[PDB]
Amino acid sequence: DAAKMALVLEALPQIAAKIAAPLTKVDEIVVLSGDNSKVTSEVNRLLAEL
Amino acid sequence: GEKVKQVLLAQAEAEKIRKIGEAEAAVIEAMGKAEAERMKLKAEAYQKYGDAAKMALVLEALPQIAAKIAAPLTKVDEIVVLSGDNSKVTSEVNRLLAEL
Amino acid sequence: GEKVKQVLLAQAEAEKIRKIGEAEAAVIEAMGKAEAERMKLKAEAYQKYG
Amino acid sequence: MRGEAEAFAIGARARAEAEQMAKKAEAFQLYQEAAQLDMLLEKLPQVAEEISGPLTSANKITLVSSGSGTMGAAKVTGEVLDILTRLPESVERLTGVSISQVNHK
Amino acid sequence: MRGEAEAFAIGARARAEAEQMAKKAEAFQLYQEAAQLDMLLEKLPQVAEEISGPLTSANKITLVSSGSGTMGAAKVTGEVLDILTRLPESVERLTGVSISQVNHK
């Protein structure tokens, strides 16, 4: 069983690398969280902008 | 002249492949016996590890596993943490005595 | 002239690998014994901490 | 001539590879849990490397939190460890060998 | 010649590495809790370094508070410590060894 486990442990990195390859094409990732709403609170006046 | 020449040189190519094949087999065999001694000795030593030693192996693996997990955070740009209430609360105070 | 030369120099390469291998094994062994003394002494002192 | 000679090279190499596995198979019988543990500890960061590596190619990531939630890095880092943890439980479906040092079976 | 000679270097090196682990294994039997504690204390900031380090690459962070809530730095700093704390409890799932000095088991 320790030898059978070694064969699998050697195959995992191989199988993992081929599965994860498409992630190289990821560009943007946006993680919203905490509430299920469109919450745009932003504070600070425009004392001079047109 | 073409036939005897081609035959003599084809035998040389075959002699090379056979000699190299035999030398390689002797190396692969010897290397296997040396590697098996590592596996045996490593096993006979590891079999005696106490819980403080087993904890040391894991504690040494955590930083390794952690570094590879956290690597993608290097690409983080913006992070905005709203808090305290679940609403769009834009209160801003101060007059525009002169802005158009 | 090509054969005797290649054979003599291949033996030199093998002699170098063997000599370096033996010297290295002696260092690894000695270093292990010194490091084990640290672990032992550190343990025998830490075991007395209040 | 070349074909007959190559068959001998394959056969000579075959016999040497077979004795390697024979002695490696005998050595594996000595791998108690204290030794098996190291096999997992060595290949856990390697599986994380081939999963995280291609993900690091990402050009930009943005995290937004609100009200009750966490910040976000926990979600991002979590997915890498999740894909790594999902894999061994995934191969087990097409071959009953275990990649979990006892604990369950 | 080079192959036969290299096998001896592997074997010589193997015997030395094995005696290192043998004497290191005997030394670990003396590690009572007062000594084990230091193993955690040394590697806790190291795990925090490899988790926080890549997160410091962030270009900008903005924190907004309202009504009842906290300011926000507590959430941000909290996530680093959370990912660090989540990890040991995560590896325990694929190997039953403990990374918590007794207290529970």
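If you read the sequences in order, they're chains A, A', A'', B and B'. A prime marks a further copy of an entry chain.
Under PDB author numbering, think of the first position of the first sequence as 353, with each following residue one higher.
Under PDB author numbering, think of the first position of the second sequence as 303, with each following residue one higher.
Under PDB author numbering, think of the first position of the third sequence as 303, with each following residue one higher.
Under PDB author numbering, think of the first position of the fourth sequence as 318, with each following residue one higher.
Under PDB author numbering, think of the first position of the fifth sequence as 318, with each following residue one higher.
Built from N, CA and C at the ideal position, the CB exists for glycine as well.
- Bridge pairing for A':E380: B':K377 [DSSP].
- Within chain B', the residues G413 have their CB atoms less than 8 Å from the CB of B:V419, given in chain order.
- For A':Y348, the number of other beta carbons within 10 angstroms of its own is at least 16, and it is reported as buried.
- Within 10 angstroms of the beta-carbon of B':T412 lie 16 or more other beta-carbons, which makes it buried.
- Contact annotation, A:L399 with A':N388: C-beta distance approximately 30 Å; criterion of less than 8 Å not satisfied.
- Of the residues A':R340, A':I371, A':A369, the one whose Cα lies closest to the Cα of B':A329 is A':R340.
- Residues of the same chain with their beta carbon placed closer than 6 Å to that of A:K356 are lacking, with the five preceding and five following residues left out of the count.
- Chain A places no beta carbon closer than 9 Å to that of A':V329, leaving this residue out of the contacts.
- Per DSSP, B':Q349 has no beta-bridge partner at all.
- Take the alpha-carbon of B:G370 and the one of A':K370: they are about 8 Å apart.
- At a cut-off of 9 Å between C-beta atoms, B':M388 does not count as an interface residue with respect to chain A''.
- Nearest to A:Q366 by C-alpha distance, out of B:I368, B:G386, B:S385, B:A335, is B:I368.
- With its beta carbon at least 9 Å from every one in chain A'', B':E406 lies outside the interface.
- For B:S382, the pairing in a beta bridge is given by DSSP as A':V383.
- Taking a C-beta cut-off of 7 Å against chain A', the contacting residues of the stretch 353-367 of chain B are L354, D355, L358, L361, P362, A365, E366, listed in chain order.
- As the crow flies, the alpha-carbon of B':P405 is around 31 Å from that of B:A344.
- With respect to B:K340, A':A338 sits close: the two C-beta atoms are nearer than 9 Å.
- In the displayed model, B:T387 falls within coil according to three-state DSSP, outside both helix and strand.
- Going by C-alpha positions, B:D399 is about 48 Å away from A'':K318.
- At a cut-off of 9 Å between beta-carbon atoms, A'':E324 makes contact with chain B'.
- For A':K356, a Cβ of chain B' is located within less than 9 Å of the residue's own Cβ.
- Going by DSSP, A'':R340 is part of the alpha helix (DSSP H) stretching over 304-348.
- When secondary structure is reduced to three states using DSSP, B:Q418 falls in the strand class.
- Excluding five sequence positions before and after B':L357, the CB atoms of its chain that fall closer than 8 Å to its own CB belong to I416, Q418, given in chain order.
- Per the C-alpha coordinates, the member of A':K307, A':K305, A':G323, A':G303 positioned closest to B:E321 is A':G323.
- Judged by DSSP in its simplified three-state form, B:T412 adopts coil rather than helix or strand.
- Across the set A':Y351, A':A336, A':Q308, A':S393, the C-alpha of A':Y351 shows the shortest separation from the C-alpha of B:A351.
- At least one CB of chain B lies nearer than 9 Å to the CB of A:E362.
- Not flagged as an interface residue toward chain B': B:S374, since no C-beta distance is shorter than 9 Å.
- Taking C-beta atoms under 8 Å as the contact rule, A'':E346 and B':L347 qualify, at a distance of about 7 Å.
- Secondary structure at A:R397: coil, using DSSP grouped into helix, strand and coil.
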